[PDB]
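Structure first, commentary second.
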Ligand code: CLA
Ligand code: CLA
Ligand code: CLA
Ligand code: CLA
Ligand SMILES: CC1=C(C#C/C(C)=C/C=C/C(C)=C/C=C/C=C(C)/C=C/C=C(\C)C#CC2=C(C)C[C@@H](O)CC2(C)C)C(C)(C)C[C@H](O)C1
Ligand SMILES: CC1=C(C#C/C(C)=C/C=C/C(C)=C/C=C/C=C(C)/C=C/C=C(\C)C#CC2=C(C)C[C@@H](O)CC2(C)C)C(C)(C)C[C@H](O)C1
Ligand SMILES: CC1=C(C#C/C(C)=C/C=C/C(C)=C/C=C/C=C(C)/C=C/C=C(C)/C=C/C2=C(C)CCCC2(C)C)C(C)(C)C[C@H](O)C1
Ligand SMILES: CC1=C(C#C/C(C)=C/C=C/C(C)=C/C=C/C=C(C)/C=C/C=C(C)/C=C/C2=C(C)CCCC2(C)C)C(C)(C)C[C@H](O)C1
């Protein structure tokens, strides 16, 4: 439905969250649909964290981070923190901590993705993380649509923020305000 | 000509199917095919990284990178086990 | 399905009756290694770590008469480097190894199934007579041991990065 | 029946009009000895690799990727200018694609059509006449690319340049 010229493949079911008939290039046939679906949800989240991160870091700095950062923006900080870590700074191991912990989360959840492909009860992208219980208390499946849609928006937005940074040093908040 | 002894727990491993039974994986008979395939790719990347970081070998090589470099041949046997487990429905 | 990890499947080799059961085996390592071997290995780690965590804490609190002369300032791992030069580390190693030689025999009995994993029948004072207090206390030993495993690594790494030692790191 | 390619020779028995690029051309009878479906899929795979190879031998005349912009336009020198990490990644990618033909031929040989690796993302071949035309077009363009790459490769051996460069400089002959 999204592209009238080239509709979505019959491989895509219509009862999945975020289904709005958009697959003109038919990429679903090449790879397992469950693997692709979980890949999109994982990209959604990592991007959403990055998009909110890019905005927040420009908007606010935690106390004492400014001295190590100097004046680096969202992409620059990563290079600066690793450069200081190369020198041997204990304070500059922040990147290593997040790499270790995100990797640990991926390593513990490693079986889960294959279990979804194997036919296990877990649906792709669901880890049953509801401490708030907002989805359980309310109706689930409307926020799932919001999570995929906002995630797609964030995916594109993170690309916008990074490429804008590489061309011109300005990060997100500054780039939106200024109009070169 | 006399009974040939085998260790206790020796079972039959001759196969003519698409894949051998998972019993040929020994202690890894119950591991899922996804778990071997992910362990195989993980072992290939960390083993290749650990191998690559010490290719100019020094009189002080990092012992963890040497030990981690053994994951590259181990990854070969892991993906063979991944193929065996997928073809056994595991 | 699993209690601790809701998305993943219930671990096949793990049961509620076993002490410290939360259904936690995300990597499925119970299939790879014999569960009785794993259970005894966990209990051995739990007890050695429990002694080690309390050890670090107690050594910061106080030392035994004369140890301060033998090791001038090194604590945690550093005192071990001094004690291999003296005889304390070797003598403890000789006696722990001798007990582990009987432990090897006990491990063989456990793999047979004759002996429960980690059960060396050591009750000088009988605090597990009730047999439900025994279930609770085994759960406590496992839980405090897992915590101590984490804690022992935590405080030793604090020594590696700062040299302070466990209590001193908090005080400084 | 007689061959349509060679009208004085009898029709080779194990090739048929059903196959997309059929011309009746098997003067030395490979298909009466080898499996015709194995030869079919093998011909199709050689052609697909050669179609990319022909395009790949011609394309760095026009433009290069920015990383390999410094590399030579002679393909047989650009072969050695690529790093072995690069060739290892190319080999790993080709191998991943082959894992599918390993299933399609060494295990699932009879189920399907030769060369049918389930790669139809834009949902072509839905219209049957269009499917027929595309099948014959793939086989003929693959054979043409095999001949063309064979040419352009040996032309790059004789004159150490790309085929288009050899053409414009008119270095058509061994010198
Ligand atoms: C618009 C945001 C949004 C929405 C609606 C959802 C919706 C959902 N998620 Mg997803 N998720 C998101 C973002 C979102 N997610 C991001 C960014 C992460 C990464 C941390 C995750 C990680 C995640 C996991 C790991 C899991 C879910 C799960 C769920 C479900 C639980 C229902 C629920 O209570 O969530 C309601 C959620 C919200 C209403 C979002 C609240 C956002 C507020 C505003 C906080 C923002 C804080 C942020 C850091 C500040 C940004 C502003 C800054 C720039 C100034 C539902 C499908 C669970 C699931 O599918 O299984 C049942 C599950 O296992 N999500
Ligand atoms: C993993 C355990 C472990 C290890 C390797 C060490 C190692 C060491 N300790 Mg520490 N220590 C421990 C536990 C440990 N301790 C515990 C639990 C305490 C609290 C009582 C202490 C309190 C302590 C002090 C106060 C001092 C040391 C000191 C030392 C050093 C000299 C040896 C000595 O005098 O120990 C003495 C330790 C003890 C007398 C208590 C340990 C006795 C345990 C309970 C043995 C039990 C084994 C068990 C029953 C086996 C069961 C067998 C089963 C099969 C049936 C050495 C670095 C000295 C040092 O270097 O300080 C800087 C020192 O002065 N230790
Ligand atoms: C048999 C095929 C083949 C082989 C062995 C090579 C080998 C090489 N090429 Mg050539 N190349 C090829 C095909 C090939 N190429 C094709 C088809 C093109 C046109 C796009 C090019 C264009 C090209 C340029 C512009 C450059 C190279 C370069 C190189 C070298 C470095 C690797 C690289 O960047 O490759 C790039 C090769 C590709 C990107 C081809 C990918 C072919 C895939 C498999 C087909 C894609 C399938 C289809 C699009 C899927 C769509 C799905 C649908 C949803 C849309 C190496 C010697 C570089 C060099 O050193 O030259 C001096 C360089 O700068 N190649
Ligand atoms: C002339 C080329 C040509 C044609 C007609 C076909 C035709 C076909 N292929 Mg095939 N294929 C080709 C080349 C071609 N292929 C090459 C080179 C490869 C290797 C990358 C493949 C790999 C491939 C696989 C792996 C599979 C097929 C399959 C199919 C069939 C169904 C899909 C379909 O209808 O696509 C129609 C395709 C076209 C109409 C080709 C047009 C492509 C574009 C529009 C033009 C070329 C663009 C080019 C990259 C840019 C040139 C730049 C330059 C001019 C400057 C059909 C028989 C599938 C099947 O089931 O087979 C039976 C299957 O599994 N093909
Ligand atoms: C889910 C879950 C939990 C949780 C949680 C969490 C952490 C939820 C977090 C949700 C978040 C952080 C959502 C943020 C999405 C970001 C978007 C859509 C931005 C896109 C970028 C755009 C539009 C742009 C842009 C830009 C361009 C390119 C150039 C820039 O110069 C400027 C500009 C800005 C204009 C809880 C605890 C609630 C429990 C619950 O039971 C389950
Ligand atoms: C399958 C599929 C699709 C697809 C697709 C794709 C990627 C299709 C790719 C098709 C390609 C790359 C075809 C290239 C063919 C090249 C040929 C025939 C060259 C021959 C060279 C010759 C004759 C020569 C020569 C030379 C000689 C020897 C002498 C020289 O001096 C000069 C000269 C140059 C003349 C899509 C993605 C649309 C989706 C769909 O749902 C399914
Ligand atoms: C950390 C680090 C770095 C980094 C980094 C990062 C975070 C890089 C992130 C890169 C990303 C996320 C790029 C994505 C861009 C989105 C695109 C191109 C969408 C295009 C839209 C399309 C095609 C069509 C859209 C369409 C339209 C018309 C609207 C409707 C929808 C649709 C029909 C689909 C480095 C690399 C600099 C290294 C450095 O050492 C430090
Ligand atoms: C080398 C040396 C010496 C020494 C020594 C010693 C004593 C070395 C001991 C090292 C130890 C015990 C390290 C422990 C590491 C534990 C880890 C990383 C677990 C982390 C928790 C994780 C990943 C997640 C936890 C989790 C959390 C947060 C929430 C999710 C769930 C959960 C799983 C609970 C000597 C003495 C010989 C001296 C010699 O001269 C040099």
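Chains as they are written, first to last, in the deposited numbering: chain k, 47 to 226; chain R, 41 to 112, 114, 116 to 132; chain j, 38 to 209; chain a, 42 to 216.
The beta-carbon is built from N, C-alpha and C at its ideal position, and this holds for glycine as well.
Does the Cβ of residue i have 16 or more other Cβ atoms within 10 Å, making it buried, or fewer, making it exposed?
i	result
residue 211 of chain k	buried
residue 8 of chain a	As shown, chain a starts at 42 and ends at 216. That puts residue 8 of chain a outside it, with no answer to give.
residue 48 of chain R	exposed
residue 83 of chain k	buried
residue 77 of chain k	exposed
residue 47 of chain k	exposed
residue 88 of chain a	buried
residue 99 of chain R	exposed
residue 221 of chain k	buried
residue 154 of chain j	buried
residue 231 of chain a	As shown, chain a starts at 42 and ends at 216. That puts residue 231 of chain a outside it, with no answer to give.
residue 173 of chain j	exposed
residue 85 of chain a	buried
residue 209 of chain a	exposed
residue 116 of chain R	exposed
residue 190 of chain a	buried
For residue i, would you say it is in contact with chain R, using Cβ-to-Cβ distances shorter than 8 angstroms as the test?
i	result
residue 188 of chain k	no
residue 68 of chain j	yes
residue 65 of chain j	yes
residue 164 of chain k	yes
Comparing the C-beta of residue i with each C-beta of chain a, is any distance below 8 angstroms?
i	result
residue 48 of chain k	no
residue 177 of chain k	no
residue 31 of chain k	Lying outside 47 to 226, the shown extent of chain k, residue 31 of chain k is not represented and no answer is given.
residue 52 of chain k	yes
residue 59 of chain k	no
residue 55 of chain k	yes
Using a Cβ-Cβ cut-off of 8 angstroms, state whether residue i counts as contacting chain k.
i	result
residue 85 of chain j	no
residue 45 of chain j	yes
residue 202 of chain j	no
Any beta carbon from chain j within less than 8 angstroms of residue i's own beta carbon?
i	result
residue 168 of chain k	yes
residue 174 of chain k	yes
residue 161 of chain k	yes
residue 106 of chain k	no
### Query
What alpha helix (DSSP H) runs, 4 residues minimum, are completely inside the stretch 64 to 138 of chain j?
Restricting attention to alpha helix (DSSP H) runs no shorter than 4 residues, the stretch 64 to 138 of chain j encloses them at 66 to 69, 72 to 98, 104 to 107 and 114 to 122, ordered along the chain.
### Sequence-ordered residues whose beta carbon comes within less than 7 angstroms of a heavy atom of ligand 6
k:72, a:92, a:93, a:95, a:96, a:99, a:160, a:161, a:162, a:163, a:164, a:165, a:182, a:185, a:186, a:188, a:189, a:190, a:192, a:193, a:196, a:204, a:205, a:207 and a:208
### Query
Listed in chain order, which residues of the stretch 60 to 81 of chain R have Cβ atoms closer than 9 angstroms to some Cβ of chain k?
72, 73, 74, 75, 77, 78 and 79
### Task
Give, in chain order, every residue of the stretch 142 to 159 of chain k whose Cβ lies closer than 9 angstroms to some Cβ of chain j.
153, 154, 155, 156, 157 and 158
### Query
At which residue ranges does the stretch 114 to 156 of chain a contain complete alpha helix (DSSP H) runs of 4 or more residues, listed in the order of the chain?
116 to 122 and 125 to 147
### Message
For the stretch 111 to 140 of chain a, list every residue whose C-beta sits within 7 angstroms of some C-beta in chain k, in sequence order.
### Response
none
### Query
Can you list, in chain order, the residues of the stretch 152 to 167 of chain a whose Cβ is nearer than 9 angstroms to any Cβ on chain k?
159, 160, 161, 162, 163 and 164
### Query
Residue ranges of each alpha helix (DSSP H) run of no fewer than 4 residues wholly in the stretch 53 to 103 of chain a, ordered along the chain?
77 to 99
### Residues of the stretch 187 to 199 of chain j with Cβ closer than 8 angstroms to any Cβ of chain k, in chain order
From the stretch 187 to 199 of chain j, only 198 have a Cβ closer than 8 angstroms to chain k.
### Query
Mind listing which residues of the stretch 109 to 130 of chain k have their C-beta closer than 7 angstroms to chain j's C-betas, in chain order?
Result list empty, no residue passes.
### Task
Go through the stretch 121 to 205 of chain k residue by residue and report every complete run of the alpha helix (DSSP H) that reaches 4 residues or more, in order.
140 to 164 and 180 to 183
### Query
If contact means a Cβ-Cβ distance below 8 angstroms, which residues of the stretch 46 to 63 of chain j contact chain k?
46 and 63
### Task
Determine which residues of the stretch 69 to 93 of chain k have a Cβ less than 7 angstroms from any Cβ of chain a, and write them out in chain order.
71, 72, 73, 75 and 76
### Message
Which runs of the beta strand (DSSP E) at least 3 residues long sit entirely within the stretch 147 to 192 of chain j? Give them in chain order.
### Response
none
### Completely contained alpha helix (DSSP H) runs for the stretch 151 to 214 of chain a, where each covers 4 or more residues
169 to 199 and 204 to 209
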